[PDB]
Structure formats: C-alpha cells, structure tokens
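Participant: This is the structure, below, for whatever I ask next.
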Amino acid sequence: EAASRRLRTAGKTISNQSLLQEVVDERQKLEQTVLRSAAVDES
Amino acid sequence: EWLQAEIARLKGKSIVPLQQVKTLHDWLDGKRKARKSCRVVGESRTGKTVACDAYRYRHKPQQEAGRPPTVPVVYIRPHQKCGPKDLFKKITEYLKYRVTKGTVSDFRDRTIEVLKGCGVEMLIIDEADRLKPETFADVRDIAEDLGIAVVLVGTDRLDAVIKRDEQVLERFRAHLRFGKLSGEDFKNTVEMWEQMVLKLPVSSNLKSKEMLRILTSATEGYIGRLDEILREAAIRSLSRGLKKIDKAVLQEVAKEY
Amino acid sequence: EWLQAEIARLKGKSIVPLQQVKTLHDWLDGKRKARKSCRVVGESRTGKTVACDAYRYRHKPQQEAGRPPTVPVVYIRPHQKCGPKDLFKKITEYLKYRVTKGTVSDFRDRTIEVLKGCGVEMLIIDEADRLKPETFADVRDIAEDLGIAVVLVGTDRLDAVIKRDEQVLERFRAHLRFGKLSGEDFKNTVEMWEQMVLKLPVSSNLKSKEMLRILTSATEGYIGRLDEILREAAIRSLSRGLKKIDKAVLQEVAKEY
Amino acid sequence: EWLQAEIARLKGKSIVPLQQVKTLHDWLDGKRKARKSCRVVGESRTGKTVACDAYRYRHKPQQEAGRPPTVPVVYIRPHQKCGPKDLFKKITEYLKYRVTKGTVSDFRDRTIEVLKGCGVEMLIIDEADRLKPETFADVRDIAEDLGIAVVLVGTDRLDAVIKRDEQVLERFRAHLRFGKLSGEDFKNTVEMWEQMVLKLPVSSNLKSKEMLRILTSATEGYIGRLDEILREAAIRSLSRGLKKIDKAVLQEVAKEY
Amino acid sequence: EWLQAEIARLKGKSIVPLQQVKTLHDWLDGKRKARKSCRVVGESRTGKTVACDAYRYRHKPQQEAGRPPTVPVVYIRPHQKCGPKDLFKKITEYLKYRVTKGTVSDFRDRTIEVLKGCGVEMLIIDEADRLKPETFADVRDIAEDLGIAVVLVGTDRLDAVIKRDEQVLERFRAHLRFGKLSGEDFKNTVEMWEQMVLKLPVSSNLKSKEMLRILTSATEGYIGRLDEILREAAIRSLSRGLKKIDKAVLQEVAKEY
Amino acid sequence: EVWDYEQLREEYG
Amino acid sequence: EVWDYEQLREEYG
Ligand SMILES: Nc1ncnc2c1ncn2[C@@H]1O[C@H](COP(=O)(O)OP(=O)(O)OP(=O)(O)O)[C@@H](O)[C@H]1O
Ligand SMILES: Nc1ncnc2c1ncn2[C@@H]1O[C@H](COP(=O)(O)OP(=O)(O)OP(=O)(O)O)[C@@H](O)[C@H]1O
Ligand SMILES: Nc1ncnc2c1ncn2[C@@H]1O[C@H](COP(=O)(O)OP(=O)(O)OP(=O)(O)O)[C@@H](O)[C@H]1O
Ligand SMILES: Nc1ncnc2c1ncn2[C@@H]1O[C@H](COP(=O)(O)OP(=O)(O)OP(=O)(O)O)[C@@H](O)[C@H]1O
Ligand SMILES: [Mg+2]
Ligand SMILES: [Mg+2]
Ligand SMILES: [Mg+2]
Ligand SMILES: [Mg+2]
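Line by line, the protein sequences are chains S, O, P, I, J, s and u. All the letters of the first sequence, read from the start, carry residue numbers 488 to 512, 525 to 542 under the authors' numbering. Residues in the second sequence are numbered from 19 upward in steps of one, following the authors' numbering. Residues in the third sequence are numbered from 19 upward in steps of one, following the authors' numbering. Residues in the fourth sequence are numbered from 19 upward in steps of one, following the authors' numbering. Residues in the fifth sequence are numbered from 19 upward in steps of one, following the authors' numbering. Residues in the sixth sequence are numbered from 571 upward in steps of one, following the authors' numbering. Residues in the seventh sequence are numbered from 571 upward in steps of one, following the authors' numbering.
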C-alpha cells in the first residue's frame with residue numbers, strides 16, 4: 488500500500504512489476532521488525 | 019590447460035539480447051527515423067550502456083571507396099566536465115578524423131563539416147550528465163541546425179542536470195526509462211545466463227526456485243549485479259575444482275554484496 | 019650501546035602476518051582474477067593499509083629487458099582533495115614515468131597509455147574518500163575501459179562518499195570488512211606481539227589472562243592500538259633498565275588514554 | 019649467404035596492389051582527364067605517398083622520335099617551409115632541367131616554360147602542408163594558367179592550412195579520403211602480405227584468429243604499422259633460424275608499440 | 019704524485035658494461051639491421067647517453083683506402099632549438115666533411131649526399147627534444163628517402179614533443195624504455211663501481227647493508243647519482259689520507275642530496 | 571543465439 | 571615471520 492503512493496507520484500508505469508520494486512527500493528521499521536520475532540520460529 | 023582459457027573467457031564481458039535491449043533498439047530506430055532528440059534514463063547497471071553499444075554495432079559504418087565513411091550512428095561517452103572542444107574532439111575522432119590545434123570555433127566548424135558528409139543521423143551521448151552547462155548549447159545546435167537525433171543517456175542525475183536548463187529540458191522531454199526486472203523475465207534471464215553465458219561443463223540449475231530466491235535478494239533486479247555474481251561464482255567454483263556453480267559457492271558470493 | 023639500537027627498532031614499524039591479512043590477500047587474489055572492482059572497509063587502525071601494502075609488495079613490479087615494468091598491482095594513496103590531475107600524476111609516477119606539463123586530457127591519455135603495457139590489473143586506492151566527487155568518474159572509466167580491478171579502501175567515511183553517487187555505489191558494491199579482534203584471536207595476536215615483534219630481553223608472558231584486561235581496556239581490539247602500547251611500554255622498560263614489560267609499565271602506558 | 023639475401027629483401031620496400039591504390043589511380047585518371055584540381059587527404063601512414071608514387075610509375079614519361087619527353091605526371095614532395103624558388107627548383111629538376119641559378123622570377127618563367135614544353139597535365143604535390151602561404155599563390159597560378167590538375171596530398175593538417183585562404187580552399191574543394199584498414203579488408207591485406215611481401219619458406223598463417231588479433235591490436239589498421247611489424251618480425255624469426263613468423267616473435271615485436 | 023694522479027682519474031668519466039647497455043645495443047642492432055626507426059626514452063641520468071656513445075664506438079667508421087669511410091652509425095646531440103641547417107651541420111661534421119658556406123638547400127643536398135656513400139645505416143639523435151618542430155620534417159625525410167634507422171633519444175619530454183605531430187609519432191612508434199636501477203641489480207652495480215671504477219687501495223665494502231642503505235637513499239637508483247656520489251666520496255676520502263671510502267665521508271656527501 | 575562482445579566488434583569493423 | 575618497511579623499500583622497491 489505504501490509503495491503505491493511513491494509508485495504513482497513518480498509517474499511510474501503502474502504494474503505489479505514496478506509496484507514490487509517500490510516495496511523494496525525507521526520508527527515503524529524498527530517496530531515491525533521487533534514484531535517479526537514470533538513463536539512460529541520458536542515452538 | 020583447461021582452466022586458464024575458460025577463466026579468461028568468463029573474465030571478459032558478453033552481450034545478451036534481452037527484451038529491454040530489443041525494446042530500446044526499436045525505439046531508437048523510431049527516433050533516428052524521425053530525427054527526434056530524446057533521453058534514455060535509468061538506474062545504474064540496468065544495462066543502458068550495453069544496449070546503446072549494441073545499437074551502434076548493429077548500425078555499423080558503411081564504407082565506400084575514396085569517401086569518408088557513412089556513419090549513421092555516432093556513440094560517445096564524454097570525459098568528466100566535458101567542454102565544447104572536448105565534445106567536438108570526441109565526435110571528429112569517432113568519425114576517423116584527426117583534430118588540428120585551433121580555436122573552439124575551428125573545432126566546431128570542423129565537427130559540423132564532418133557530421134555532414136559522414137551522413138550522421140543519430141548521436142548517442144552516454145552519461146551526458148558529464149557535459150558542462152555551456153557545452154549543452156553546442157549539443158542543442160547540433161540537434162537543431164543538422165538533422166540529427168541526439169540521444170542523452172544517464173541516470174536520474176542527468177534529469178537533475180537538464181532540469182536546471184529550461185531549453186535543454188524541453189528539447190529532451192521524450193524519454194525511455196530502463197527498468198529493473200523481477201519474476202518471470204528475471205527467471206528467464208537467470209536461465210539465459212546459465213545457458214548462454216556461464217557455459218560451465220555441468221549444469222548449475224540456477225533455474226531452481228531456491229537459487230532464484232538468493233539471486234533475487236542479491237541482484238535486486240539489476241542485470242549488472244546478476245552478471246557479476248554468476249561470473250565471480252564461476253571463477254571461484256572452477257578454481258576450487260568444481261564442475262558446477264552451487265549454493266555453497268553462490269551464497270558465499272551473494273553474501274559479499 | 020645496546021639500548022639505543024633497541025629504541026631505534028622499537029620506534030619503527032613492522033609487518034606481522036595476521037590471519038586478517040591472509041584473508042584479504044586471498045580475497046584480492048580473487049578480485050584480481052575476475053577484474054572485480056570492490057572495496058575494503060573497516061574502522062581506523064584496523065590494519066587495512068598495512069594489509070594493502072603487504073599485498074603490493076608480494077606482487078611487486080617484474081622487470082623485462084628494455085620494456086616498461088610489468089606492475090600487476092598499483093597502490094596509491096591520494097592526497098587530500100585529489101582531483102583528476104592529481105590522480106593521474108600519482109598513477110604515472112608510481113609506474114616510474116615522469117608527468118610533463120599538460121592538460122587533464124594529456125594526463126588522462128598518458129595514464130591510460132601506461133596503465134596499458136605496464137599490464138596493470140589491480141588498482142588499490144587507499145583513503146579512497148580523499149578523491150574529489152568529480153574524479154570518481156575517471157576512476158570508474160579506468161575500471162570499465164580497462165580490465166582493471168579497482169579496490170577502494172577507506173573507513174565507513176568512504177561509504178558515505180560512495181552512497182552519494184549511485185554509479186560509484188553500484189560499481190564497488192562488493193566489499194570486505196576488517197573488524198576488531200577479540201578473544202582467542204586477540205590472545206594469539208597478543209602472544210604474537212610478545213614473541214615475534216618485541217623479542218624483548220625477558221618475557222612478560224602476555225598470555226596472562228588478567229593483564230589481558232589492561233590491554234583490552236586500552237586496546238578495544240584495535241591492532242593499531244595494540245602495536246602502539248607494547249612499543250611504548252618496551253621503550254620505557256628498556257629506558258628504565260627493566261628487562262621486561264612490568265605491570266607497572268603496561269598500566270602506566272595504558273593509562274594515557 | 020641466403021640469410022643475408024633474405025634480410026636484404028625484407029629490409030626494403032615493395033608496392034602491393036591494395037584496393038585503395040586502385041581507387042586513387044582511377045580517381046586520379048578522372049581528375050587528370052578532366053584536368054581538375056583536387057586534394058587527397060588521409061591520416062598518417064595510411065599509404066597516400068606509396069599510392070601517388072605508384073601513379074607516376076604507371077604514367078612514366080613517353081617519347082617521340084627527335085622530341086623532348088612528354089611527362090604527363092609530375093610528382094614532387096616539397097621540403098619543409100617551401101618557398102616559391104624551392105617549388106620551382108623541385109618541378110624543373112623533376113623534368114630533368116638543371117636551371118641555372120637566378121631570380122625567383124627567372125625560376126618561375128623557366129618552370130612555366132618546361133611545364134608547357136613537357137606536356138605536363140597533372141602535378142601531385144605531396145605534403146602540400148609544407149608549402150609556405152605565399153607559395154600557394156604560385157601553385158594556384160600553375161593550376162589556372164596552364165591546363166594542369168594540381169593534387170595536394172596531406173593529412174588533416176593540410177585541410178586546416180587550406181581553410182586559411184579562401185582562394186585555395188575554393189580551388190581545391192574536391193577531395194578523396196584515404197582511409198585506414200579494418201574488418202575483412204584488413205584480413206585480406208594480412209594474407210596478401212604473407213603471400214606477397216614476406217614470402218617466407220613456411221606459411222605463418224597470420225590470418226588465423228590469434229595472429230590476426232595480435233596484428234589488429236598492434237597495427238590498429240595502419241598499413242605503415244602492418245608493413246613495419248611483419249618485416250621486422252620476419253627478420254627476427256629468420257635471424258633465430260626459424261622458417262616462419264612464430265607467435266612469440268610476433269608478440270615480442272608487437273609489444274614494442 | 020699518487021694523490022693527484024688518483025684524483026685526476028676519479029675526476030673523469032668511464033664506461034661500465036651494465037646490462038642495460040647491452041640490452042640497448044642488441045635492440046639497436048635489430049633496429050639497424052631492419053633499418054627501422056624508433057625511440058629511446060628514460061628518466062634523466064639513467065645512462066641513455068653513455069649507452070648510445072658506447073654503441074657508436076663499437077660501430078666506428080671503417081676506412082677503405084681513399085674511399086670515404088663507411089660509417090654505419092652516426093651519433094649527434096643537437097644544440098638547443100636545433101634548426102634544419104644546424105642539424106645538417108651536425109651530421110656533415112660527424113662524417114668528417116667540412117660545411118661550406120651556403121643555403122639550407124645546399125646543406126640538405128650535401129648532407130643527403132654524404133649519408134649515402136658513407137653508407138650510414140643508423141642515425142641516433144640524442145636530446146631529440148631540442149629539435150625545432152620544423153626540423154622533424156627533415157629527420158623524417160632522411161628516414162623515408164634513405165634507408166636509415168633514425169633513433170630519437172630523450173626523456174619523457176620527448177614523448178610529449180613527439181605526440182604533438184602525428185607524422186612523427188606514427189614513424190617513431192616503436193620504443194625502448196631505459197629504467198632506473200633497483201634491487202639486486204643495484205647491489206651488483208655498486209659492487210662493480212667499487213671494483214671497476216673507484217679502484218681504491220682498500221675495499222670500501224659498499225655491498226654492506228649499512229652502505230647500501232646510505233647509497234639507496236641518496237642514489238634513488240640513478241646511475242648518475244651513484245657515479246657522482248662515489249667519485250666525490252672517494253676524492254674526499256683520499257684527500258683526507260684515507261685509503262678507502264668510509265661511512266662518515268659517504269654520509270657527509272650523501273647529506274647534500 | 572550467442573552474441574559475443576568481440577564478435578560484435580568483428581562484425582562492426 | 572615479520573618484515574621492516576625499510577627492507578621492503580629496498581627488497582621490493
Ligand atoms: N544486455 C546485456 N547483456 C549482457 N550483459 C549485460 C547486459 N546489460 C548489462 N550487462 C552487464 O551488466 C553490466 C552493466 O551494464 P551497463 O554497462 O550497460 O550499465 P549502465 O546502465 O550503462 O550503467 P551506468 O548507468 O552505471 O553507467 C555490463 O557491463 C555487463 O556486465
Ligand atoms: N598487520 C600488522 N602488522 C604490524 N603492525 C600493524 C599491522 N596492522 C596494523 N599495524 C600497526 O597499526 C597501525 C594501523 O594499521 P593501518 O595503518 O594499516 O590501519 P588502517 O585501518 O589502514 O588505518 P586508517 O583507516 O586509520 O588509515 C599501523 O600504522 C601499525 O603501526
Ligand atoms: N601500397 C603499399 N604497398 C606496400 N607497402 C605499403 C603500401 N602503402 C603503404 N605501405 C607501407 O606503409 C608505409 C607508409 O606509407 P606511406 O609512406 O604511403 O604513408 P603516408 O600516408 O604518405 O604517410 P604520411 O602522411 O605520414 O607521410 C610505407 O613506407 C610502406 O612500408
Ligand atoms: N654505463 C655507464 N658507465 C659508467 N657511468 C655511467 C654509465 N651510464 C651513466 N653513467 C654515469 O651517469 C651519468 C649520467 O648518464 P648519462 O649522461 O648517460 O645520462 P642520460 O640518461 O643521457 O641523461 P639526461 O637525459 O639527463 O641527459 C654519466 O655522466 C656517468 O657519470
Ligand atoms: Mg552505463
Ligand atoms: Mg589507512
Ligand atoms: Mg607522405
Ligand atoms: Mg643526454
């Protein structure tokens with residue numbers, strides 16, 4: 488969802504191909532990567 | 019000896035007819051036909067240079083006896099902070115002329131003289147962002163006075179340079195964007211590399227979905243990463259006595275980026 | 019007298035074949051085969067420069083009768099704010115040529131001429147962060163116009179300079195980090211510095227686990243702290259007429275920080 | 019001795035019928051028949067002088083019973099900074115008249131008289147760039163007052179000199195471009211040299227891939243470099259008691275360029 | 019007296035048969051046999067001039083009973099800003115002919131006359147960078163019209179002068195590099211000077227590491243520094259009644275550099 | 571089809 | 571083994 492904002496505002500051709508790049512090309528990053536620690540890796 | 023020859027083969031570069039290259043080549047044929055000046059833009063190692071280089075080899079000079087060569091496409095990479103005499107010297111030397119020491123005006127007139135007569139119709143300027151702000155006025159006059167499609171190639175640093183000069187931006191608005199690639203055509207491109215580029219005696223099976231994962235993570239869709247990882251993985255594996263690239267070497271390479 | 023000659027060596031500098039240096043030399047051999055441009059990074063005094071110099075020496079110039087020398091590895095350290103002319107001057111002078119007066123264009127063409135024929139295959143740029151932002155273009159042009167592996171060496175200060183140009187960043191992405199030592203590797207290193215470097219008149223037995231706290235507290239695992247401490251203590255001990263580094267001397271030196 | 023005879027042979031020069039020679043001769047036959055003044059321009063060591071020299075031998079003097087010789091082609095190379103008198107001396111000596119010492123005017127009048135009397139119809143001036151500016155006025159008057167095609171032969175330095183005087187520029191607008199060798203034409207040239215120039219007891223197979231790569235890199239397409247490399251490599255091979263050019267001898271010569 | 023006789027000897031110059039001398043001689047013998055023009059380039063005071071002198075003494079004029087001498091090698095050093103008449107005067111006087119008063123044309127024609135008949139095979143022009151740019155045309159004409167190997171000698175300043183004229187650059191493309199001494203070669207050269215040049219009553223032990231350290235720092239591999247330091251050090255040492263060089267005198271001299 | 575970078579120069583020459 | 575910068579300056583230099 489966040490990638491779609493930076494995708495369109497740059498005038499990129501809209502597609503799943505380009506959208507996926509704007510996913511992978525911070526407070527919430529630290530928070531989410533803490534929550535990544537999960538019992539599915541530990542049980 | 020087997021190894022040293024194959025290592026020297028892998029150590030050199032190669033060209034592969036990717037769909038991005040084919041797409042650019044058709045687009046450049048349209049621009050050259052229309053005499054339309056334009057820019058090619060995209061992130062580093064997306065393959066812009068290799069694609070533009072392949073275009074000039076496909077449209078090689080034609081010689082006829084006792085004339086200067088007919089050279090439809092001229093390709094130059096300027097040196098950093100290229101001034102006008104540097105630019106003129108690049109073009110005249112590509113056309114197989116020796117420059118004679120003289121003023122900028124003399125270099126200009128001699129370049130205009132040989133851009134005619136050699137019949138140039140496209141000028142590709144690779145990393146045009148190296149051009150000084152003053153030399154862009156001579157680039158524009160080549161595009162405007164002669165019937166020549168000037169193609170500026172660069173990263174988004176080129177877009178920063180030209181947006182600072184209204185008259186350059188407006189002449190070079192038409193553009194093609196080079197993209198990073200992922201998924202299906204990436205999987206095809208990885209397979210194409212192990213088929214056509216690595217040429218190792220035994221199959222590396224880089225087509226394998228788990229091998230494609232680690233390559234996806236490291237190459238990040240840049241063809242210039244994909245090529246350099248596999249070539250480096252080949253040289254290590256061959257030197258370690260292995261007929262094959264496999265994860266034990268491939269992930270040692272992939273972790274190095 | 020004996021004591022002044024020991025001081026004359028203890029105020030000097032030496033090379034110790036740490037496993038860190040060995041690891042770099044295997045890596046630089048792989049990069050030099052692949053012509054792979056890359057970077058060496060790591061904190062100050064971690065031993066990078068001494069490890070790079072040791073690689074230059076073991077791959078010294080080979081003389082050939084009446085030819086320019088074959089110089090497989092060129093090592094340079096730019097002066098601060100190194101421009102293009104400064105870079106070209108240092109490369110050509112390293113190859114034992116004299117620069118003439120001339121333009122940057124003359125210096126470039128002469129440098130490319132002598133990077134060929136001297137058979138240069140690796141260029142190590144120590145303090146690569148001293149290069150001016152514009153001169154990386156010439157460094158990049160060397161890396162791709164010739165089959166030369168360029169190795170940029172710096173601290174993390176270099177990575178800030180690199181990431182300010184994505185064309186540099188994407189060419190030098192492959193890297194090796196020199197880390198601080200710890201534990202048994204530090205213990206073996208501290209043992210080596212007693213029994214190989216100092217070679218002092220009477221042993222201090224620097225395997226001792228407790229005084230290793232004194233070293234660690236000053237040294238933090240920097241080799242370029244460790245090598246400094248022992249030479250300070252040994253010169254003081256031999257100046258004071260102590261045949262060993264005593265605890266009273268080590269802690270006094272280690273207290274200067 | 020056979021070796022001293024073979025060295026004496028390879029030491030010299032010979033004329034090879036290259037296609038660019040035939041191109042020039044056919045073009046000079048047109049200009050001589052139309053009586054039309056023109057220039058031959060091409061970078062150094064491309065073979066312009068050997069080709070013009072071959073033309074005067076093809077059109078040697080011709081005789082009639084009890085008459086002076088008709089000499090359709092005069093070929094002169096001026097000495098550096100050639101003034102009028104030295105031009106007139108060069109021409110009259112070629113026509114085999116020892117002009118008695120005298121004024122520039124006396125030399126001029128005698129040169130006009132013998133150019134008329136000997137029936138000269140083409141005057142090739144090789145290295146015309148060596149003429150003083152004041153001397154081109156005398157060259158133009160020969161072209162204008164007599165029915166003579168004057169051919170100025172030179173490098174791109176001649177094109178620069180000619181542009182400095184509108185009256186010379188506009189009289190010598192027509193040009194032939196003498197070019198470098200490349201591609202299959204280069205490969206055909208290498209094979210002709212092996213069979214026709216070197217004539218060694220055993221075939222060297224210089225057209226083969228590795229040999230052709232060495233020659234292409236070292237000669238860069240100059241026929242002057244091709245001739246000088248292969249003749250010295252032939253002399254070195256025979257001096258060593260070889261029956262052919264060997265790859266090692268060829269690279270040893272090629273490494274000196 | 020002993021002292022003044024030894025001082026008068028050491029004050030002078032002599033030729034030591036260094037390997038780099040033999041290397042040049044074999045190369046010049048190849049170039050002379052092939053009549054190939056070339057250049058000799060190397061840093062100042064590396065020994066080029068002495069090695070070229072040694073060659074023309076090994077190939078001195080040969081008498082043949084009232085013929086002019088057969089003189090296969092001519093050696094000249096032009097004076098600064100050598101014009102064409104100066105060049106012709108240099109060559110003519112070397113062949114033992116007196117220059118009669120006349121024009122540049124008379125000097126040229128007389129020089130061209132005596133280069134033939136004397137049978138000159140090779141012309142070595144030392145300090146070829148002292149030639150005026152217009153004088154290179156006459157040097158090229160000697161190489162072109164006579165079958166003569168012309169050898170230009172100079173420092174890297176010659177390599178810049180030559181590159182200012184494509185016609186000169188393209189004729190003298192083949193080169194030999196004169197290098198500085200280093201390593202084991204320098205240690206042997208020091209040994210030879212002690213034995214063959216200085217010839218003091220008592221061994222100076224200049225092979226010793228402490229002596230080599232002084233010599234290597236001050237000489238920097240220049241054979242000119244090696245000679246002029248060791249002669250001056252020997253002269254100083256004998257003047258003090260020493261029968262050898264010693265470290266103190268050697269350091270006292272070496273400190274002036 | 572393979573398209574070797576050296577063969578592109580050989581074709582371009 | 572250990573090396574001296576001053577030896578390496580002569581030995582490799
Ligand atoms: N079509 C291709 N076929 C084969 N190899 C390729 C291709 N495109 C790219 N490469 C590989 O990737 C590298 C980088 O490609 P290229 O030089 O064209 O990038 P670029 O977009 O011009 O980069 P930059 O903007 O950084 O200058 C090449 O040198 C080569 O190793
Ligand atoms: N392998 C080694 N053998 C001997 N001494 C060493 C070694 N490595 C480091 N040193 C000592 O520690 C100092 C630091 O080493 P070096 O200069 O190579 O580090 P660096 O990481 O390149 O430093 P910087 O980034 O600050 O320029 C050296 O000057 C030397 O005194
Ligand atoms: N047709 C030919 N046959 C054989 N050898 C040739 C031929 N043309 C050129 N060469 C070789 O190349 C050399 C240089 O050729 P040439 O003298 O014609 O050059 P040029 O173009 O007149 O050069 P410049 O402009 O430098 O004077 C010749 O001396 C000879 O060795
Ligand atoms: N072969 C030799 N034997 C003995 N001494 C030598 C020899 N070569 C050089 N020298 C010494 O070195 C000095 C400098 O050498 P030389 O004059 O040959 O230098 P060069 O290379 O021609 O220098 P430059 O380019 O500065 O004119 C000589 O005058 C002599 O003292
Ligand atoms: Mg590029
Ligand atoms: Mg450092
Ligand atoms: Mg000529
Ligand atoms: Mg000299």
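All C-beta atoms in this analysis are idealised placements derived from N, C-alpha and C, irrespective of residue type, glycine included.
1) Could you tell me which residues DSSP puts in a beta bridge with O:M229?
2) At which residue ranges does the segment 173 to 230 of chain J contain complete beta strand (DSSP E) runs of 3 or more residues, listed in the order of the chain?
3) Is there a C-beta anywhere in chain s that falls below 8 Å from the one on I:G201?
4) Count the other CB atoms, across all protein chains shown, that sit within 10 Å of the CB of I:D104; report buried if there are 16 or more and exposed otherwise.
5) With a Cβ-Cβ cutoff of 8 Å, do O:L187 and O:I160 count as a contact?
6) Span of the alpha helix (DSSP H) holding I:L42?
7) Could you check which residue in O:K225, O:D144, O:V220, O:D177 has the C-alpha nearest to that of O:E209?
8) Identify, in the order they occur along the chain, each residue of the same chain with its Cβ nearer than 8 Å to the Cβ of P:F106, setting aside the five sequence neighbours on each side.
9) Quick one: does the C-beta of J:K66 sit closer than 7 Å to a heavy atom of ligand 8?
10) Is I:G242 near ligand 2, in the sense that its beta carbon is under 7 Å from a heavy atom of that ligand?
11) Would you identify the three-state DSSP class for O:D156, choosing helix, strand or coil?
12) Spatial neighbours of I:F190 within its chain, please: CB distance less than 7 Å, with the 5 preceding and 5 following residues excluded, ordered by chain position.
13) Determine whether the beta carbon atoms of I:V59 and I:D174 lie at a separation below 8 Å.
14) Which chain P residues are close to J:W45, counting only those with a beta carbon under 7 Å from its beta carbon?
15) If I measure Cβ to Cβ from P:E111 and keep anything under 8 Å in the same chain, skipping five residues before and after, which residues do I get?
16) Hey, which unbroken runs of the beta strand (DSSP E) at 3 residues or more fall wholly within the segment 50 to 105 of chain I?
17) Considering only residues of the same chain and omitting the five flanking positions on each side of I:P87, which have a CB-CB separation below 7 Å?
18) Quick check: the segment 268 to 275 of chain P against the segment 224 to 244 of chain P, are there 3 or more CB pairs under 8 Å?
19) Let me know the secondary structure DSSP gives residue 280 of chain P once reduced to three states.
20) Which chain S residues are close to O:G65, counting only those with a beta carbon under 7 Å from its beta carbon?
21) If the cut is a Cβ gap below 7 Å, which residues of chain J does u:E571 touch?
22) List the residues of chain S that O:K273 touches, going by C-beta distances under 9 Å, in chain order.
23) If you draw a straight line from the alpha carbon of S:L534 to that of S:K528, how long is it in whole angstroms?
24) Flag this pair as yes or no: are the beta carbons of P:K51 and O:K29 separated by less than 8 Å?
25) Are I:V138 and I:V89 touching if we call contact CB-CB under 8 Å?
26) At a CB-CB cut-off below 8 Å, which residues of chain S make contact with O:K198?
27) Does any C-beta atom of chain u lie closer than 8 Å to the C-beta of J:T234?
28) If you run the structure through DSSP and keep just helix, strand and coil, what is I:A272?
29) Suppose you measure from the CA of J:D203 to the CA of P:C100; what does that come to, to the nearest Å?
30) Going straight from the alpha carbon of P:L113 to that of J:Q37, what length do you get?
31) Using a C-beta to C-beta distance shorter than 9 Å, which residues of chain P count as neighbours of J:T41?
32) Alpha carbon to alpha carbon, what distance is there between J:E152 and J:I253?
33) Whose CA, out of O:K119, O:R85, O:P35, lies closest to the CA of J:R182?
34) What span of residues does the alpha helix (DSSP H) with O:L256 cover, start to end?
35) Is I:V34 a contact residue of ligand 3, with contact defined as CB to any heavy atom under 7 Å?
36) Have a look at P:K66, P:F196, P:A251 and flag the residue whose alpha-carbon is nearest the alpha-carbon of P:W211.
Facilitator: Inspection of the coordinates gives the following:
1) O:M229 is not bridged to any residue.
2) 193 to 196
3) yes
4) buried
5) no
6) 37 to 52
7) O:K225
8) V117, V122, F125, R126, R128, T129, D156
9) yes
10) no
11) helix
12) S55, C56, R57, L170, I180
13) yes
14) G84
15) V117
16) 56 to 59, 91 to 94
17) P79, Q80, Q81, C136
18) yes
19) No answer is possible for residue 280 of chain P: it lies beyond the span of chain P, which begins at 19 and ends at 275.
20) In chain order: nothing, as chain S lies at least about 16 Å away.
21) Residues of chain J passing the Cβ test: none, with the nearest at roughly 18 Å.
22) In chain order: nothing, as chain S lies at least about 18 Å away.
23) 10 Å
24) yes
25) yes
26) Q508
27) yes
28) helix
29) 35 Å
30) 21 Å
31) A83, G84
32) 46 Å
33) O:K119
34) 241 to 257
35) yes
36) P:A251
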